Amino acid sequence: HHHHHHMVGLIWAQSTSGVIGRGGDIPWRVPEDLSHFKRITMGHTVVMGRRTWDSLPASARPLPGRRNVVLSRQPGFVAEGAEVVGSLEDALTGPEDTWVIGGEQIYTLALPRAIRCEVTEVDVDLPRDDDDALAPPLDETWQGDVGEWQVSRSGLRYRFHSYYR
């Protein structure tokens, strides 16, 4: 069951070790995760920190088919094709389904408001570094399921987790 009144969800991909980002990029190749990310977010509102906006390739700025919302404390930051807001509150003003798409700073900020998480886990040798962007923890309030391990065209093992509360 999926709730549809001010539903806030978080969607991320992470290594088993908990890394979501390094040096400004997502440090692995899983094309099936791009497919999975689009499948969930397409047509919905997407919320993202300024760093994540910067990390997008110009060919996906803004993310097509989604209402793009960008969080920045910088007064007057321009995000062409996206709405820029200065608080988590202004970001989540819409009642339509809204997916927080990263990065770590925004996951940590939106997590008390979220009632769904869609997590890709990637089995990649990626020992965590203090400068990485890291995955948010999931406490015991979450119910959910975990898919089977699959193998990517890139050779990496991955699997999908889906949680809710």
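In case it trips you up, residue 1 is the first one in the sequence shown, and so on.
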{"query": "Of 33-41 and 94-102, the one with larger mean CA B-factor", "finding": "94-102"}
{"query": "Out of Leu56, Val124, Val70, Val119, highest CA B-factor residue", "finding": "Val124"}
{"query": "Chain thirds of CA B-factor: placement of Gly49", "finding": "lowest"}
{"query": "CA B-factor ranking of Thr141, expressed as a third of its chain", "finding": "middle"}
{"query": "Within-chain third of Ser152 by Cα B-factor, per the entry", "finding": "middle"}
